[PDB]
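A.B. asks: here is my input, please return the structure:
(2 chains)
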Amino acid sequence: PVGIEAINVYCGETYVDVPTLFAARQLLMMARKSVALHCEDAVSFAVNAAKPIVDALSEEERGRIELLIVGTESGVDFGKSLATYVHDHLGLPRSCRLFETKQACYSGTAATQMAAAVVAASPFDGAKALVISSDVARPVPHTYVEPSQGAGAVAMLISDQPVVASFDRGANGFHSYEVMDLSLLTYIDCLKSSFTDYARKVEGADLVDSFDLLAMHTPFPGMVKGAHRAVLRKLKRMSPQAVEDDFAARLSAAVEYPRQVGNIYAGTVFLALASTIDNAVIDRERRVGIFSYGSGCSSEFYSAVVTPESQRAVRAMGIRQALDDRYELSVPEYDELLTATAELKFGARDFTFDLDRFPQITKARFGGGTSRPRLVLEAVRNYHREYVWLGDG
Amino acid sequence: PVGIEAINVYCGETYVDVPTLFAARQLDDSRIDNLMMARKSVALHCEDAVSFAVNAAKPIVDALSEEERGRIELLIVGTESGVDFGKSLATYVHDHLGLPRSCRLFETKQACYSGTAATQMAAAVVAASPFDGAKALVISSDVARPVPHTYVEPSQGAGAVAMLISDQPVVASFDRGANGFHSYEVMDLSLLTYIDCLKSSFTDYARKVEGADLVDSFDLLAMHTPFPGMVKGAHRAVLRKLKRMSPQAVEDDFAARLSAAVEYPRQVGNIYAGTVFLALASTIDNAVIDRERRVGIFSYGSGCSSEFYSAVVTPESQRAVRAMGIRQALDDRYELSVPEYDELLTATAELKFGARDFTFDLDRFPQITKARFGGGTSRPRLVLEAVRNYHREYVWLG
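C.D. replies: Numbers count the residues shown, from 1 in each chain, chains lettered A, B, ... in the order given. The relevant structure is shown in the block below.
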């Protein structure tokens, strides 16, 4: 039995209201989107997500972490993986593989499935992997995608003690091909074809009857709704009302955190999975059908079992409280953060952050007042990234 | 039983002589003996990590039945020559190899460790599958752009190594769970970090493998080769510390267990992700494989992550690699003058990272494409022809 032993999320410390940004931009089913401080990156998001699940381990349990993979499209170097920085801030043993995975929003699932295979293939019991999906996409002002784009990381311990979600072994359908508008069509093609591939490997698979709940990559909840509708209509020829009811029953819990966070690329499907577990009633063993996608493209349909112990383990992470504690940006504050963030470019040799550039945000959050301390990026010195703990006091 | 079913390399169609380049660059002629490099592969201007990967993998994909090719369920490209923040090289590579759409596609990144990462992940997926006959295609591909007037430049080549990973591991059968790791963030120091990783990753291997000995457990060694002098120095440093062997015993061990592994790398240069796999192919091709022999394998990427693992090779391994004709392909490369080399570097740099629109002149070096890339008796090669609104477009130049 292999899967997620522990899960946690860091969706940043600020948000902007989506209807307010829409209006301000003079232009989804989106409510709020996470915004990164100018001095945050995929590394610092990844460290903030993983630190609670790493610190909850005994010494002996942490020493069995032999794999750390970061799934991202927010890389910082041609060669140097995010996983090197992330390892160095989590007190992990050096007896560990470290690398990064890339394939748009499929990067996290790629990492998770490799790590599950490593755990299952090991001749030794008790192998552990840490997989972190982390992205800090830079929104382009005056694009229709902007208000759908968030910042977040989702950290998962993958082991043979899968309290949070136990993966159905071998129950994996894939649909991948090179492709560059088409974006809804490609997502729908992958959902339908990855599920069909799943059904080829799993005797009697049905997209309604096999799964109590669904969790899917969520570019925005409207996309998930439209894709769910297209695929159920094509595969099962169900009535519009029956399709609407199925969305309410099986996907409304999954899209709750994504509609408060926005697309975080790699981590979105895992945030939808955490959201499913947190926002649905898990009264016994229930199976979740999971659809992961990355544009360009690659896709996978897989499944896992969750239990009341899953719900208790995820509730103890306090995700809803963390989201509700975020500082609300005005649109002007959001615009100044975008401007400050863009100053650090890919391939910069030397760059120093002003950690106090937005004292309104660092007064209230990042160790301010009631708030948790956070790792942030402080500088790049001869290509080397240097992090500080804000709120160390 | 899991490992490499088939292996092939593509190390480009051109080379520049390393001593000739040292002299043209007016680098200190002393350090040629420290590099131990003979010649380096050079990419044409219109080649990238995708086109390199397709040229490497195409013969091993074409040799499969339609049914065998149907069972490829994983393609991973290991590279530090990515073209996009999001879009993996594996998408383009998939599209040019006629692979089924029932495949996971992604890229691995961790400097020259990227290939081994991809290989070990694929091995785990094949071992873990409840179904027999799962196959994965892993391609290590890099086209590093040398910086003229650096001492690094003459050690840097261009190359891809493609491997089918399966439960029919003719080329190399992995020792299951025999894996030592040593990884930590670190930013010259590079020889010290390589040595620390070789010693510590092997120590970790010995922790998991009862009775492991860096001399007695392995008939042969194959290692990531930034240049052959580094491997020779690191071998010496680590046997000095772990075994306290005499200098002559250490020299003789290098000759017996590493001289085959460095033979192709000393003619190609560092190709990053693929170099350890080029070293493995070189070990199989250049050593006498007279019976089952165990190779100790050390993979390393700056920054850093490292792994020590082992595999068994056999006379059938040596027959399978010999049929790929790697030595004849390396001997067939067009010999560049330094001015031709300098012109290729200049033409390459014209395509900038993040470029949206760019069109190649595929006939810009007609003296090269007359002889190679399908010219004369040369074999056809995929090349990069254009970037159109970020989309990369390739031509079969044969």
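
A.B. asks: from here on, contacts and neighbour counts on C-alpha atoms
C.D. replies: Will do.

A.B. asks: burial of residue A:27, as a residue count?
C.D. replies: Residue A:27: 10 surrounding residues under other CA atoms under 10 Å in any protein chain shown.

A.B. asks: contacts only, for it.
C.D. replies: By CA atoms under 8 Å, 6 or more residues apart in numbering or on different chains, the contact list for residue A:27 reads A:142, A:144.

A.B. asks: and it, which of the three is it?
C.D. replies: When the structure is split into helix, strand and coil by DSSP: H, G, I helix; E, B strand; the rest coil, residue A:27 lands in coil.

A.B. asks: how close does it sit to residue A:387?
C.D. replies: 37 Å (CA to CA, to the nearest Å).

A.B. asks: repeat for residue A:15
C.D. replies: If you go by CA to CA, the gap between residue A:15 and residue A:387 works out to 23 Å.

A.B. asks: for residue A:354, same thing?
C.D. replies: In this structure, residue A:354 and residue A:387 are separated by 13 Å, where distance is defined by CA to CA.

A.B. asks: which residues are in contact with both of the two?
C.D. replies: In contact with both residue A:354 and residue A:387: residue A:378, using CA under 8 Å, 6+ apart.

A.B. asks: run a quick neighbour tally on residue A:335.
C.D. replies: The criterion is other CA under 10 Å. On that basis, residue A:335 has 13 neighbouring residues.

A.B. asks: name the nearest residue to the residue in the stretch 101-250 of chain A positioned nearest to chain B, ignoring sequence neighbours.
C.D. replies: Ranking the residues of the stretch 101-250 of chain A by distance to chain B (CA to the nearest CA) places residue A:104 first, at 4.2 Å. Leaving aside its chain neighbours, residue A:104 sits nearest to residue B:86 (4.2 Å; criterion: CA to CA, 6 or more residues apart in numbering or on different chains).

A.B. asks: I'd say residue A:287 and residue A:277 touch.
C.D. replies: No. The criterion here is CA atoms under 8 Å, and residue A:287 misses it with residue A:277 at 10.8 Å.

A.B. asks: more neighbours: which of these two?
C.D. replies: More neighbours sit around residue A:277 than around the other of residue A:287 and residue A:277, counting by other CA under 10 Å; the figures are 28 against 20.

A.B. asks: helix or strand: which one has the more buried one?
C.D. replies: In this structure, residue A:277 sits in helix A:268-279 according to DSSP states H and E.

A.B. asks: buried ones in that helix?
C.D. replies: Buried positions in helix A:268-279, judged by neighbour count with 16 or more other CA atoms under 10 Å in any protein chain shown: A:268-279.

A.B. asks: for my notes, confirm residue A:168 occurs in a helix.
C.D. replies: No. The assignment for residue A:168 is strand, going by three-state DSSP, so no helix is present there.

A.B. asks: pretty sure residue A:228 sits against residue A:247.
C.D. replies: Yes. In this structure residue A:228 lies within contact range of residue A:247 using CA under 8 Å: 7.3 Å.

A.B. asks: joint contacts of these two?
C.D. replies: If you check residue A:228 and residue A:247 against CA under 8 Å, 6+ apart, no residue is contacted by both.

A.B. asks: okay, now the domains of chain A?
C.D. replies: Residue ranges for the structural domains of chain A, counted by automatic domain parsing, are given in the record as A:3-164+A:322-390, A:169-308.

A.B. asks: work out the gap between the longest one and the centre of the chain.
C.D. replies: Looking back up the chat, that one is domain A:3-164+A:322-390. Centroid displacement of domain A:3-164+A:322-390 relative to its chain, using CA atoms, centre = their mean, to the nearest Å, is 9 Å.

A.B. asks: got it, and the last one?
C.D. replies: On the basis of CA atoms, centre = their mean, the separation between the geometric centre of domain A:169-308 and that of its chain is 15 Å.

A.B. asks: quick revisit: the more surrounded of residue A:354 and residue A:387?
C.D. replies: Using other CA under 10 Å, the more surrounded residue of residue A:354 and residue A:387 is residue A:387, with 18 against 11.

A.B. asks: which residues touch stretch A:176-195?
C.D. replies: Stretch A:176-195 is touched from outside by A:173-175, A:207, A:223, A:227, A:230-231, A:235, A:291, A:293, A:295-301, B:91-92, B:94-95, B:101-105, B:391, with contacts defined as CA under 8 Å, 6+ apart.

A.B. asks: please apply the same query to stretch A:112-129.
C.D. replies: Here stretch A:112-129 makes contact (CA under 8 Å, 6+ apart) with A:1-3, A:64-69, A:130-131, A:157-161, B:121-122, B:124-125, B:127-128, B:176-177.

A.B. asks: how about that stretch: buried residues?
C.D. replies: Buried residues in stretch A:112-129, defined by neighbour count with 16+ other CA under 10 Å: A:112-122, A:127-129.

A.B. asks: keeping just the C-alphas, turn that stretch into PDB.
C.D. replies: Listed next in PDB are the C-alpha coordinates belonging to stretch A:112-129 (Å, rounded to 0.1, in the frame of the first residue of the first chain):
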ATOM      1  CA  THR A 112       4.300  12.000  -7.000                       C
ATOM      2  CA  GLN A 113       4.000   8.900  -9.300                       C
ATOM      3  CA  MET A 114       7.700   8.600  -9.600                       C
ATOM      4  CA  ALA A 115       8.000   8.800  -5.800                       C
ATOM      5  CA  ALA A 116       5.200   6.200  -5.300                       C
ATOM      6  CA  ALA A 117       7.000   3.800  -7.700                       C
ATOM      7  CA  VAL A 118      10.300   4.300  -5.700                       C
ATOM      8  CA  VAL A 119       8.500   3.500  -2.400                       C
ATOM      9  CA  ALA A 120       6.700   0.400  -3.900                       C
ATOM     10  CA  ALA A 121       9.900  -0.900  -5.800                       C
ATOM     11  CA  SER A 122      12.100  -0.600  -2.700                       C
ATOM     12  CA  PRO A 123      13.300  -4.000  -1.200                       C
ATOM     13  CA  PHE A 124      13.200  -2.200   2.200                       C
ATOM     14  CA  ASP A 125      10.000  -1.300   4.100                       C
ATOM     15  CA  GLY A 126       9.600   2.300   5.400                       C
ATOM     16  CA  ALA A 127      11.100   4.200   2.400                       C
ATOM     17  CA  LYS A 128       9.800   7.900   2.400                       C
ATOM     18  CA  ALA A 129       9.800  10.500  -0.300                       C
END
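
A.B. asks: just want the angle from the next helix or strand after the helix holding residue A:277 to strand B:104-109.
C.D. replies: Sequence-wise, the next helix or strand beyond helix A:268-279 is strand A:286-294, with elements assigned using DSSP H and E. Per axes from the mean of the first three to the mean of the last three CA atoms, to 10 degrees, the angle that strand A:286-294 makes with strand B:104-109 is 70 degrees.

A.B. asks: which other helices and strands contact strand A:286-294?
C.D. replies: Helices and strands in packing contact with strand A:286-294 are listed as helix A:182-201, strand A:213-216, helix A:268-279, strand A:298-306; criterion 3 or more CA pairs under 8 Å, 6 or more residues apart in numbering or on different chains; DSSP states H and E.

A.B. asks: what do you get if the cut-off is 7 Å, keeping everything else the same?
C.D. replies: Counting by 3 or more CA pairs under 7 Å, 6 or more residues apart in numbering or on different chains; DSSP states H and E, the packing neighbours recorded for strand A:286-294 are strand A:213-216, strand A:298-306.

A.B. asks: ok, then the element right after the last one?
C.D. replies: Sequence order places helix A:308-315 as the next helix or strand after strand A:298-306, per DSSP H and E.

A.B. asks: what helices or strands is that next one leaning on?
C.D. replies: helix A:268-279.

A.B. asks: and the helix or strand harbouring residue A:385, which residues are buried?
C.D. replies: Mapping residue A:385 onto the secondary structure by DSSP H and E places it in strand A:384-390. The neighbour-count criterion (16+ other CA under 10 Å) identifies A:384-385, A:387, A:390 as the buried residues of strand A:384-390.

A.B. asks: from those residues, which two are the most distant?
C.D. replies: Taking CA to CA as the measure, the buried residues of strand A:384-390 span a maximum distance of 19.3 Å, between A:384 and A:390.
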